[PDB]
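S.K.: Structure file final-v4.tsv (TSV, N, CA and C atoms) right here:
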chain	number	residue	atom	x	y	z
W	73	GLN	N	211.77	7.60	122.87
W	73	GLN	CA	211.24	6.24	122.92
W	73	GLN	C	212.23	5.20	122.40
W	74	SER	N	213.01	4.63	123.30
W	74	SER	CA	213.96	3.59	122.91
W	74	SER	C	213.22	2.30	122.53
W	75	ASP	N	213.86	1.45	121.75
W	75	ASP	CA	213.32	0.12	121.48
W	75	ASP	C	213.28	-0.67	122.77
W	76	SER	N	214.31	-0.51	123.59
W	76	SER	CA	214.37	-1.17	124.89
W	76	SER	C	213.36	-0.56	125.87
W	77	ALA	N	213.14	0.74	125.75
W	77	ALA	CA	212.13	1.42	126.55
W	77	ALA	C	210.75	0.82	126.29
W	78	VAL	N	210.43	0.62	125.02
W	78	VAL	CA	209.17	0.02	124.62
W	78	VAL	C	209.07	-1.44	125.05
W	79	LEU	N	210.16	-2.18	124.87
W	79	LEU	CA	210.19	-3.58	125.24
W	79	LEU	C	209.83	-3.82	126.70
W	80	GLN	N	210.47	-3.07	127.60
W	80	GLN	CA	210.22	-3.22	129.02
W	80	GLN	C	208.83	-2.74	129.38
W	81	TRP	N	208.48	-1.55	128.89
W	81	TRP	CA	207.14	-1.02	129.07
W	81	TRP	C	206.10	-2.05	128.63
W	82	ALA	N	206.45	-2.84	127.62
W	82	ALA	CA	205.57	-3.89	127.11
W	82	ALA	C	205.63	-5.12	128.00
W	83	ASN	N	206.75	-5.26	128.70
W	83	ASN	CA	206.93	-6.38	129.61
W	83	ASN	C	206.05	-6.22	130.84
W	84	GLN	N	206.09	-5.05	131.46
W	84	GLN	CA	205.23	-4.77	132.61
W	84	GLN	C	203.78	-4.95	132.20
W	85	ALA	N	203.43	-4.32	131.09
W	85	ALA	CA	202.07	-4.35	130.57
W	85	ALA	C	201.47	-5.76	130.55
W	86	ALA	N	202.18	-6.70	129.93
W	86	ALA	CA	201.68	-8.07	129.83
W	86	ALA	C	201.49	-8.68	131.20
W	87	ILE	N	202.55	-8.70	132.00
W	87	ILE	CA	202.50	-9.30	133.33
W	87	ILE	C	201.40	-8.72	134.22
W	88	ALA	N	201.20	-7.41	134.13
W	88	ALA	CA	200.16	-6.73	134.91
W	88	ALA	C	198.78	-7.32	134.62
W	89	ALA	N	198.53	-7.59	133.34
W	89	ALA	CA	197.24	-8.11	132.87
W	89	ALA	C	196.94	-9.48	133.45
W	90	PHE	N	197.98	-10.16	133.91
W	90	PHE	CA	197.82	-11.46	134.52
W	90	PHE	C	198.23	-11.44	135.98
W	91	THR	N	198.04	-10.29	136.62
W	91	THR	CA	198.28	-10.17	138.04
W	91	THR	C	197.05	-9.56	138.70
W	92	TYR	N	196.21	-10.43	139.26
W	92	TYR	CA	194.97	-10.05	139.92
W	92	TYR	C	194.36	-11.27	140.59
W	93	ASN	N	193.38	-11.06	141.46
W	93	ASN	CA	192.68	-12.16	142.11
W	93	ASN	C	191.17	-11.95	142.07
W	94	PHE	N	190.43	-12.81	142.77
W	94	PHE	CA	188.97	-12.72	142.79
W	94	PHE	C	188.52	-11.58	143.70
W	95	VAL	N	189.46	-11.01	144.45
W	95	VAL	CA	189.14	-9.98	145.44
W	95	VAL	C	189.34	-8.57	144.91
W	96	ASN	N	190.29	-8.39	143.99
W	96	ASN	CA	190.68	-7.06	143.56
W	96	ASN	C	190.67	-6.85	142.05
W	97	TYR	N	190.23	-7.86	141.31
W	97	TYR	CA	190.28	-7.81	139.85
W	97	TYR	C	189.83	-6.48	139.25
W	98	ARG	N	188.90	-5.79	139.90
W	98	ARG	CA	188.40	-4.51	139.37
W	98	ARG	C	189.43	-3.38	139.47
W	99	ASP	N	190.18	-3.32	140.56
W	99	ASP	CA	191.22	-2.30	140.72
W	99	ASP	C	192.35	-2.56	139.74
W	100	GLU	N	192.85	-3.79	139.76
W	100	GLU	CA	193.91	-4.23	138.85
W	100	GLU	C	193.57	-3.99	137.38
W	101	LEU	N	192.42	-4.49	136.94
W	101	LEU	CA	191.89	-4.17	135.62
W	101	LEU	C	191.98	-2.66	135.31
W	102	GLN	N	191.20	-1.86	136.04
W	102	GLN	CA	191.15	-0.44	135.74
W	102	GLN	C	192.52	0.24	135.82
W	103	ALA	N	193.38	-0.23	136.72
W	103	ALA	CA	194.72	0.34	136.89
W	103	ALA	C	195.53	0.30	135.60
W	104	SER	N	195.55	-0.86	134.94
W	104	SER	CA	196.37	-1.04	133.74
W	104	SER	C	195.77	-0.43	132.47
W	105	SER	N	194.82	0.48	132.63
W	105	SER	CA	194.19	1.12	131.48
W	105	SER	C	195.09	2.19	130.85
W	106	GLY	N	196.00	2.75	131.64
W	106	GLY	CA	196.93	3.73	131.12
W	106	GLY	C	197.86	3.12	130.08
W	107	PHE	N	198.14	1.83	130.26
W	107	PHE	CA	198.96	1.07	129.33
W	107	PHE	C	198.37	1.08	127.92
W	108	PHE	N	197.07	1.32	127.80
W	108	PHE	CA	196.39	1.14	126.52
W	108	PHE	C	195.98	2.42	125.82
W	109	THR	N	195.99	2.38	124.50
W	109	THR	CA	195.49	3.49	123.69
W	109	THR	C	193.97	3.52	123.77
W	110	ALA	N	193.39	4.55	123.17
W	110	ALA	CA	191.94	4.73	123.20
W	110	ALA	C	191.20	3.46	122.79
W	111	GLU	N	191.59	2.89	121.65
W	111	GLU	CA	190.94	1.69	121.12
W	111	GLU	C	191.56	0.40	121.65
W	112	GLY	N	192.86	0.43	121.92
W	112	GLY	CA	193.53	-0.72	122.49
W	112	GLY	C	192.87	-1.14	123.79
W	113	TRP	N	192.29	-0.16	124.48
W	113	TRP	CA	191.58	-0.41	125.73
W	113	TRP	C	190.23	-1.05	125.45
W	114	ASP	N	189.54	-0.57	124.43
W	114	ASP	CA	188.29	-1.18	124.01
W	114	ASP	C	188.56	-2.62	123.58
W	115	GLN	N	189.62	-2.80	122.80
W	115	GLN	CA	190.01	-4.12	122.32
W	115	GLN	C	190.31	-5.05	123.48
W	116	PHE	N	191.06	-4.54	124.45
W	116	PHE	CA	191.49	-5.34	125.59
W	116	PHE	C	190.31	-5.80	126.43
W	117	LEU	N	189.34	-4.90	126.61
W	117	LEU	CA	188.13	-5.24	127.35
W	117	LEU	C	187.33	-6.31	126.60
W	118	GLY	N	187.03	-6.05	125.33
W	118	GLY	CA	186.31	-7.00	124.51
W	118	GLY	C	186.91	-8.39	124.52
W	119	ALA	N	188.24	-8.45	124.58
W	119	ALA	CA	188.95	-9.73	124.64
W	119	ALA	C	188.73	-10.39	125.99
W	120	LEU	N	188.77	-9.58	127.04
W	120	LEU	CA	188.51	-10.05	128.39
W	120	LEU	C	187.13	-10.68	128.46
W	121	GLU	N	186.13	-9.93	128.03
W	121	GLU	CA	184.75	-10.39	128.02
W	121	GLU	C	184.61	-11.75	127.35
W	122	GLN	N	185.21	-11.90	126.17
W	122	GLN	CA	185.08	-13.14	125.41
W	122	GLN	C	185.73	-14.31	126.14
W	123	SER	N	186.89	-14.07	126.74
W	123	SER	CA	187.52	-15.10	127.57
W	123	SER	C	186.71	-15.28	128.85
W	124	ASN	N	186.87	-16.44	129.48
W	124	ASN	CA	186.15	-16.72	130.70
W	124	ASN	C	187.04	-16.55	131.92
W	125	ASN	N	188.35	-16.65	131.70
W	125	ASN	CA	189.34	-16.52	132.76
W	125	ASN	C	188.84	-15.73	133.97
W	126	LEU	N	188.25	-14.56	133.70
W	126	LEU	CA	187.75	-13.71	134.78
W	126	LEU	C	186.67	-14.41	135.60
W	127	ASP	N	185.64	-14.91	134.91
W	127	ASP	CA	184.56	-15.65	135.55
W	127	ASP	C	185.10	-16.86	136.32
W	128	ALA	N	186.15	-17.46	135.79
W	128	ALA	CA	186.79	-18.60	136.44
W	128	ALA	C	187.38	-18.18	137.77
W	129	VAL	N	188.18	-17.12	137.74
W	129	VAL	CA	188.81	-16.60	138.94
W	129	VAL	C	187.78	-16.19	139.99
W	130	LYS	N	186.73	-15.49	139.55
W	130	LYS	CA	185.67	-15.06	140.46
W	130	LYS	C	184.96	-16.25	141.07
W	131	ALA	N	184.60	-17.21	140.22
W	131	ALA	CA	183.91	-18.42	140.65
W	131	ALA	C	184.74	-19.28	141.61
W	132	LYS	N	185.91	-19.72	141.16
W	132	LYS	CA	186.75	-20.60	141.95
W	132	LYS	C	187.66	-19.83	142.91
W	133	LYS	N	187.42	-18.53	143.03
W	133	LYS	CA	188.19	-17.66	143.91
W	133	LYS	C	189.70	-17.91	143.84
W	134	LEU	N	190.30	-17.53	142.71
W	134	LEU	CA	191.71	-17.80	142.43
W	134	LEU	C	192.58	-16.55	142.51
W	135	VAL	N	193.89	-16.75	142.60
W	135	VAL	CA	194.84	-15.65	142.52
W	135	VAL	C	195.77	-15.84	141.33
W	136	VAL	N	195.54	-15.07	140.27
W	136	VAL	CA	196.35	-15.14	139.06
W	136	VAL	C	197.68	-14.40	139.22
W	137	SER	N	198.70	-14.94	138.56
W	137	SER	CA	200.03	-14.34	138.55
W	137	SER	C	200.78	-14.90	137.34
W	138	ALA	N	201.70	-14.12	136.79
W	138	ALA	CA	202.45	-14.57	135.62
W	138	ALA	C	203.92	-14.16	135.66
W	139	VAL	N	204.74	-14.83	134.85
W	139	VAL	CA	206.16	-14.53	134.74
W	139	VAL	C	206.65	-14.74	133.31
W	140	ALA	N	207.63	-13.94	132.90
W	140	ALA	CA	208.12	-14.00	131.52
W	140	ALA	C	208.93	-15.28	131.26
W	141	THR	N	208.40	-16.14	130.39
W	141	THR	CA	209.13	-17.33	129.95
W	141	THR	C	210.46	-16.98	129.27
W	142	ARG	N	210.40	-16.13	128.25
W	142	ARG	CA	211.60	-15.65	127.57
W	142	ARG	C	211.62	-14.12	127.51
W	143	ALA	N	212.66	-13.57	126.89
W	143	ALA	CA	212.75	-12.12	126.74
W	143	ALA	C	211.83	-11.66	125.63
W	144	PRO	N	211.27	-10.46	125.77
W	144	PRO	CA	210.36	-9.91	124.76
W	144	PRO	C	211.14	-9.49	123.50
W	145	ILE	N	210.57	-9.75	122.32
W	145	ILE	CA	211.19	-9.32	121.06
W	145	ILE	C	210.29	-8.39	120.23
W	146	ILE	N	210.91	-7.67	119.30
W	146	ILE	CA	210.18	-6.83	118.36
W	146	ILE	C	210.11	-7.50	116.99
W	147	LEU	N	208.99	-8.18	116.71
W	147	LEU	CA	208.80	-8.87	115.44
W	147	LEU	C	209.00	-7.95	114.24
W	148	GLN	N	208.46	-6.74	114.35
W	148	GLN	CA	208.51	-5.76	113.27
W	148	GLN	C	208.30	-4.39	113.88
W	149	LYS	N	208.82	-3.35	113.23
W	149	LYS	CA	208.61	-1.99	113.71
W	149	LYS	C	208.61	-0.99	112.56
W	150	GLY	N	207.99	0.16	112.78
W	150	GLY	CA	207.89	1.20	111.77
W	150	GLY	C	206.51	1.83	111.72
W	151	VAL	N	206.29	2.70	110.74
W	151	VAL	CA	205.02	3.41	110.60
W	151	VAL	C	203.86	2.52	110.14
W	152	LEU	N	202.80	2.51	110.94
W	152	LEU	CA	201.55	1.88	110.56
W	152	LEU	C	200.45	2.91	110.73
W	153	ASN	N	199.78	3.25	109.64
W	153	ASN	CA	198.81	4.33	109.64
W	153	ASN	C	199.36	5.56	110.36
W	154	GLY	N	200.33	6.22	109.74
W	154	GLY	CA	200.84	7.49	110.21
W	154	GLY	C	201.30	7.50	111.66
W	155	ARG	N	201.33	6.32	112.27
W	155	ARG	CA	201.81	6.18	113.64
W	155	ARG	C	202.85	5.07	113.79
W	156	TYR	N	204.04	5.45	114.25
W	156	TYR	CA	205.14	4.51	114.43
W	156	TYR	C	204.73	3.44	115.44
W	157	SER	N	204.85	2.18	115.04
W	157	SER	CA	204.40	1.07	115.87
W	157	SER	C	205.49	0.04	116.13
W	158	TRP	N	205.33	-0.70	117.22
W	158	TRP	CA	206.19	-1.82	117.54
W	158	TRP	C	205.29	-3.02	117.78
W	159	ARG	N	205.52	-4.12	117.09
W	159	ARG	CA	204.80	-5.34	117.42
W	159	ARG	C	205.66	-6.21	118.32
W	160	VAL	N	205.45	-6.11	119.63
W	160	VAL	CA	206.24	-6.84	120.61
W	160	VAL	C	205.59	-8.17	120.96
W	161	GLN	N	206.41	-9.19	121.15
W	161	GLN	CA	205.91	-10.50	121.53
W	161	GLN	C	206.71	-11.10	122.68
W	162	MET	N	206.03	-11.82	123.56
W	162	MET	CA	206.67	-12.38	124.74
W	162	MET	C	205.83	-13.50	125.34
W	163	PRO	N	206.47	-14.64	125.65
W	163	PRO	CA	205.79	-15.77	126.29
W	163	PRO	C	205.70	-15.57	127.80
W	164	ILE	N	204.66	-16.10	128.42
W	164	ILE	CA	204.50	-16.01	129.86
W	164	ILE	C	203.94	-17.31	130.44
W	165	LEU	N	204.22	-17.54	131.71
W	165	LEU	CA	203.62	-18.65	132.43
W	165	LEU	C	202.61	-18.15	133.45
W	166	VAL	N	201.33	-18.31	133.12
W	166	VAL	CA	200.24	-17.90	134.00
W	166	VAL	C	199.92	-18.99	135.02
W	167	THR	N	199.66	-18.58	136.25
W	167	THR	CA	199.45	-19.52	137.34
W	167	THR	C	198.16	-19.22	138.10
W	168	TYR	N	197.06	-19.80	137.63
W	168	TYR	CA	195.77	-19.69	138.31
W	168	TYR	C	195.71	-20.67	139.48
W	169	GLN	N	195.88	-20.17	140.70
W	169	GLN	CA	195.91	-21.05	141.86
W	169	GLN	C	194.99	-20.59	142.98
W	170	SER	N	194.66	-21.52	143.87
W	170	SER	CA	193.93	-21.22	145.09
W	170	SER	C	194.35	-22.20	146.19
W	171	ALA	N	193.57	-22.25	147.26
W	171	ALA	CA	193.83	-23.19	148.34
W	171	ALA	C	193.58	-24.62	147.87
W	172	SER	N	192.66	-24.77	146.91
W	172	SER	CA	192.27	-26.07	146.40
W	172	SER	C	192.84	-26.37	145.01
W	173	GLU	N	193.00	-25.33	144.20
W	173	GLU	CA	193.44	-25.50	142.81
W	173	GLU	C	194.89	-25.13	142.58
W	174	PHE	N	195.32	-25.31	141.33
W	174	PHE	CA	196.64	-24.88	140.90
W	174	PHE	C	196.86	-25.26	139.44
W	175	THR	N	196.53	-24.33	138.56
W	175	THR	CA	196.66	-24.52	137.12
W	175	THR	C	197.79	-23.65	136.59
W	176	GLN	N	198.34	-24.03	135.44
W	176	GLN	CA	199.32	-23.19	134.76
W	176	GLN	C	199.11	-23.25	133.25
W	177	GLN	N	199.33	-22.12	132.59
W	177	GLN	CA	199.21	-22.07	131.15
W	177	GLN	C	200.44	-21.43	130.55
W	178	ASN	N	200.82	-21.90	129.37
W	178	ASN	CA	201.91	-21.29	128.63
W	178	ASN	C	201.36	-20.44	127.50
W	179	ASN	N	201.44	-19.12	127.67
W	179	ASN	CA	200.83	-18.20	126.72
W	179	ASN	C	201.82	-17.29	125.98
W	180	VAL	N	201.45	-16.90	124.77
W	180	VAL	CA	202.24	-15.95	124.00
W	180	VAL	C	201.45	-14.66	123.78
W	181	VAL	N	201.83	-13.62	124.51
W	181	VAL	CA	201.19	-12.32	124.39
W	181	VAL	C	201.83	-11.50	123.28
W	182	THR	N	201.00	-10.98	122.38
W	182	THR	CA	201.49	-10.15	121.29
W	182	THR	C	200.81	-8.79	121.30
W	183	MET	N	201.59	-7.73	121.43
W	183	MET	CA	201.02	-6.40	121.56
W	183	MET	C	201.43	-5.50	120.41
W	184	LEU	N	200.49	-4.70	119.94
W	184	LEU	CA	200.82	-3.65	118.98
W	184	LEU	C	200.89	-2.34	119.75
W	185	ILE	N	202.10	-1.85	119.96
W	185	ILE	CA	202.30	-0.60	120.68
W	185	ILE	C	202.54	0.52	119.68
W	186	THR	N	201.84	1.63	119.87
W	186	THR	CA	201.95	2.76	118.95
W	186	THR	C	202.23	4.05	119.72
W	187	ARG	N	202.58	5.10	118.98
W	187	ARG	CA	202.88	6.38	119.59
W	187	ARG	C	201.59	7.16	119.78
W	188	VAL	N	201.52	7.89	120.89
W	188	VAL	CA	200.34	8.69	121.21
W	188	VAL	C	200.73	9.96	121.96
W	189	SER	N	199.88	10.98	121.88
W	189	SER	CA	200.13	12.26	122.55
W	189	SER	C	200.34	12.08	124.05
W	190	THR	N	201.31	12.83	124.59
W	190	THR	CA	201.65	12.76	126.01
W	190	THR	C	200.67	13.56	126.87
W	191	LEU	N	199.64	14.11	126.23
W	191	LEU	CA	198.60	14.87	126.91
W	191	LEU	C	197.53	13.93	127.47
W	192	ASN	N	197.57	12.68	127.03
W	192	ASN	CA	196.60	11.67	127.45
W	192	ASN	C	197.30	10.46	128.06
W	193	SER	N	198.56	10.29	127.70
W	193	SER	CA	199.35	9.17	128.18
W	193	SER	C	200.79	9.62	128.39
W	194	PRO	N	201.07	10.22	129.57
W	194	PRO	CA	202.36	10.80	129.96
W	194	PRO	C	203.59	10.01	129.49
W	195	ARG	N	203.44	8.72	129.24
W	195	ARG	CA	204.54	7.90	128.75
W	195	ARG	C	204.88	8.24	127.29
W	196	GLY	N	203.85	8.32	126.45
W	196	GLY	CA	204.02	8.66	125.05
W	196	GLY	C	203.56	7.56	124.12
W	197	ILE	N	203.57	6.33	124.63
W	197	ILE	CA	203.16	5.16	123.85
W	197	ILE	C	201.98	4.43	124.49
W	198	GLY	N	201.32	3.59	123.71
W	198	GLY	CA	200.18	2.85	124.20
W	198	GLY	C	199.96	1.55	123.46
W	199	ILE	N	199.39	0.57	124.15
W	199	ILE	CA	199.04	-0.71	123.56
W	199	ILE	C	197.78	-0.58	122.72
W	200	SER	N	197.93	-0.67	121.41
W	200	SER	CA	196.79	-0.54	120.52
W	200	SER	C	196.08	-1.86	120.31
W	201	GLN	N	196.73	-2.94	120.71
W	201	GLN	CA	196.19	-4.27	120.48
W	201	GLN	C	196.90	-5.30	121.36
W	202	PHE	N	196.11	-6.00	122.17
W	202	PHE	CA	196.63	-6.99	123.10
W	202	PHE	C	196.03	-8.34	122.74
W	203	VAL	N	196.88	-9.30	122.39
W	203	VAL	CA	196.42	-10.58	121.85
W	203	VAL	C	197.13	-11.78	122.45
W	204	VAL	N	196.36	-12.65	123.10
W	204	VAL	CA	196.95	-13.81	123.75
W	204	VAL	C	196.68	-15.10	122.97
W	205	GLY	N	197.68	-15.98	122.94
W	205	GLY	CA	197.56	-17.29	122.34
W	205	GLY	C	198.31	-18.32	123.17
W	206	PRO	N	198.20	-19.61	122.80
W	206	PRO	CA	198.89	-20.68	123.53
W	206	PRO	C	200.27	-21.02	122.95
W	207	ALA	N	201.04	-21.81	123.70
W	207	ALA	CA	202.36	-22.31	123.27
W	207	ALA	C	203.12	-21.32	122.38
For this file, write the structure as structure tokens.
M.R.:
Amino acid sequence: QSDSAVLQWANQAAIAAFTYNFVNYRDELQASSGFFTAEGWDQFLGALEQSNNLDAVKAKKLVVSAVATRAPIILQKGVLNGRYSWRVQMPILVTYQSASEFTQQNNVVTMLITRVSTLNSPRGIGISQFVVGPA
């Protein structure tokens, strides 16, 4: 598990979460579940639920897409609760658009990636915590 291996793996992860539309959101959602640890997935869902973004896309029939504003960094790394973790951070530009609309947001995604058995996640690592903020 390289630091760069985790960084990129964390790069796809973030962008994937903001790549879906009102037509396929269920496939896209469920697809990116491998990216997450057992609880990181529960956390990610709970966060989705609380946000409306999804209801917005479904309602206004939008196509979400995102791109990395800057390169992802590792704020801190090392053992957290007997599991080696990386706290990766990266800004993105989300683009909620349709035939009628076109919005953009500047977001900062922060993920806690930890090590996990390859018997459940062939990669070896997983997002234990996915957290979005503005600017």
S.K.: Identify which of the residues W:137, W:104, W:201, W:83 lies closest to residue 169 in chain W, counting all atoms listed in the file when measuring atom-to-atom distances.
M.R.: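 That would be W:137, the residue with the smallest distance to residue 169 in chain W.
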S.K.: Return the single residue from W:78, W:147, W:181, W:140 that is closest to residue 203 in chain W, with distances computed using only C-alpha atoms.
M.R.: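 Of the candidates, the smallest distance to residue 203 in chain W is held by W:181.
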S.K.: Using DSSP on the backbone, list every residue of chain W that comes out as helix (DSSP H, G or I), and give them as a PyMOL selection string.
M.R.: chain W and resi 75-89+97-103+110-122+125-131
S.K.: Contacts of range 114-117 of chain W at 10 Å or less, counting only C-alpha atoms, minus same-chain residues fewer than 6 places along, as a VMD selection string?
M.R.: chain W and resid 89 101 105 108 123 199 to 203
S.K.: Generate the output file for the selected residues, N, CA and C atoms, as an mmCIF file, in the frame of the given file.
M.R.:
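The resulting file, selection-v7.cif, is shown below:
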data_model
loop_
_atom_site.group_PDB
_atom_site.id
_atom_site.type_symbol
_atom_site.label_atom_id
_atom_site.label_comp_id
_atom_site.auth_asym_id
_atom_site.auth_seq_id
_atom_site.Cartn_x
_atom_site.Cartn_y
_atom_site.Cartn_z
ATOM 1 N N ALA W 89 198.530 -7.590 133.340
ATOM 2 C CA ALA W 89 197.240 -8.110 132.870
ATOM 3 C C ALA W 89 196.940 -9.480 133.450
ATOM 4 N N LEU W 101 192.420 -4.490 136.940
ATOM 5 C CA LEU W 101 191.890 -4.170 135.620
ATOM 6 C C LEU W 101 191.980 -2.660 135.310
ATOM 7 N N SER W 105 194.820 0.480 132.630
ATOM 8 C CA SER W 105 194.190 1.120 131.480
ATOM 9 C C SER W 105 195.090 2.190 130.850
ATOM 10 N N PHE W 108 197.070 1.320 127.800
ATOM 11 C CA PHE W 108 196.390 1.140 126.520
ATOM 12 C C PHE W 108 195.980 2.420 125.820
ATOM 13 N N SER W 123 186.890 -14.070 126.740
ATOM 14 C CA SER W 123 187.520 -15.100 127.570
ATOM 15 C C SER W 123 186.710 -15.280 128.850
ATOM 16 N N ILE W 199 199.390 0.570 124.150
ATOM 17 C CA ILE W 199 199.040 -0.710 123.560
ATOM 18 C C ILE W 199 197.780 -0.580 122.720
ATOM 19 N N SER W 200 197.930 -0.670 121.410
ATOM 20 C CA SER W 200 196.790 -0.540 120.520
ATOM 21 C C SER W 200 196.080 -1.860 120.310
ATOM 22 N N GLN W 201 196.730 -2.940 120.710
ATOM 23 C CA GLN W 201 196.190 -4.270 120.480
ATOM 24 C C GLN W 201 196.900 -5.300 121.360
ATOM 25 N N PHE W 202 196.110 -6.000 122.170
ATOM 26 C CA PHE W 202 196.630 -6.990 123.100
ATOM 27 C C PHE W 202 196.030 -8.340 122.740
ATOM 28 N N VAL W 203 196.880 -9.300 122.390
ATOM 29 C CA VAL W 203 196.420 -10.580 121.850
ATOM 30 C C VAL W 203 197.130 -11.780 122.450
#
S.K.: Quick one: pull the distance between CA of residue 171 in chain W and atom N of residue 88 in chain W, Å, one decimal.
M.R.: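 Atom N of residue 88 in chain W lies 22.5 Å from CA of residue 171 in chain W.
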S.K.: Please, what distance in Å, to one decimal, runs between atom N of residue 125 in chain W and atom C of residue 138 in chain W?
M.R.: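 Taking atom N of residue 125 in chain W as the start and atom C of residue 138 in chain W as the end point, the length is 16.3 Å.
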S.K.: What's the 8 Å shell around range 188-196 of chain W, counting only C-alpha atoms, without same-chain residues fewer than 6 positions away, as a VMD selection string?
M.R.: chain W and resid 73 106 109
S.K.: Would you please work out which residue, of W:159, W:152, W:175, W:136, is nearest to residue 93 in chain W when using only N, CA and C atoms?
M.R.: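 Of W:159, W:152, W:175, W:136, the one nearest residue 93 in chain W is W:136, counting only N, CA and C atoms.
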S.K.: Can you list every residue in chain W that DSSP puts in strand (DSSP E or B), as a ChimeraX atom specification?
M.R.: /W:92-93,108,135-136,138-140,145-152,155-166,169,174,177-187,197-206
S.K.: Determine the nearest neighbour of residue 80 in chain W from the options W:184, W:144, W:205, W:164, counting all atoms listed in the file.
M.R.: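 Going through W:184, W:144, W:205, W:164 one by one, the smallest distance to residue 80 in chain W is for W:144.
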S.K.: In Å, with one decimal, what is the gap from atom C of residue 139 in chain W to CA of residue 166 in chain W?
M.R.: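 We find that atom C of residue 139 in chain W and CA of residue 166 in chain W lie 7.2 Å from each other.
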S.K.: Check the smallest atom-to-atom distance from each of W:198, W:122, W:176, W:160 to residue 110 in chain W using all atoms listed in the file, then report the winner.
M.R.: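 So, comparing all the options, the nearest one is W:198.
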S.K.: Between W:207, W:197, W:128, W:151, which residue has the minimum interatomic distance to residue 178 in chain W, considering only N, CA and C atoms?
M.R.: W:207
S.K.: Can you pull out every residue within 12 Å of residue 148 in chain W, counting only C-alpha atoms, but drop anything in the same chain fewer than 6 positions away, and send it as a list in words?
M.R.: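 Skipping anything fewer than 6 positions along the chain leaves residues 75, 156, 157, 158, 159, 160, 161, 182, 183, 184 and 185 of chain W.
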